[PDB]
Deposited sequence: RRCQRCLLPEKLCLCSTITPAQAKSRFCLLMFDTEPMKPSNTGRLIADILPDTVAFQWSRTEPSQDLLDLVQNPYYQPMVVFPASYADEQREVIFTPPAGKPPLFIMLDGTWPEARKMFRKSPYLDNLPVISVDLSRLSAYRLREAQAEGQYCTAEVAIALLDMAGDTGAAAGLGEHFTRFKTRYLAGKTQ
């Protein structure tokens, strides 16, 4: 197995990676800090400015707090609108200020716990994802990578959205064939 791409050495895709540029930026809030089937790591392959943090219940990192409170960005929590309280601001599109998409990586019981017990995210708006936009990139819950492609298209980053789609498709195919 390759160590960079985690695919068996006969199926390495590291030679095919070509990054794209986007006005949007991603922040990965990880619960365990990686398994080969985790799709959030594919985002950094196409957008190397992606930042990642290990989630902590008691003591959040000072690097993380300085980012979500940086007025340069318009931060927003990416989580389905059904899970939000009646007073929580919910939006359906990313507004001038470049978005900072905060993803909650992990299984659904863990992403719910991260959503419910992080006081530093409670004043941020929630963005509900229009997954219908995956049709324009010929893609069919939905993993962290598929949601990211929809967000890039929602913000006008078509070049980066198309790139992540071909890279994600390239990975899924070599992953299935590696099981054979």
Deposited positions lacking CA coordinates: 1, 35 to 36, 99, 145 to 150, 191
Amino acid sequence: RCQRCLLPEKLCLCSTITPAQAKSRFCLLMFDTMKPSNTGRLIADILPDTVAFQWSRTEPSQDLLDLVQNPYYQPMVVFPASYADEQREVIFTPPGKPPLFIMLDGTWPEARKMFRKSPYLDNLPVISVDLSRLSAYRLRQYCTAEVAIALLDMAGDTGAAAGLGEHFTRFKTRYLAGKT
From here on, numbers count along this sequence of modelled residues.
Mean C-alpha temperature factor, higher of 22 to 30 and 35 to 43: 35 to 43
Given 9 to 17 and 167 to 175, the range whose Cα B-factors average higher in the PDB entry: 9 to 17
Selection by C-alpha B-factor (highest) of 135, 141, 70, 50: 141
Highest recorded Cα temperature factor - choice among 153, 59, 146, 66: 59
Cα B factor band for residue 101 (lowest, middle or highest third within the chain): lowest
B-factor third for the C-alpha atom of residue 129 within its chain: middle
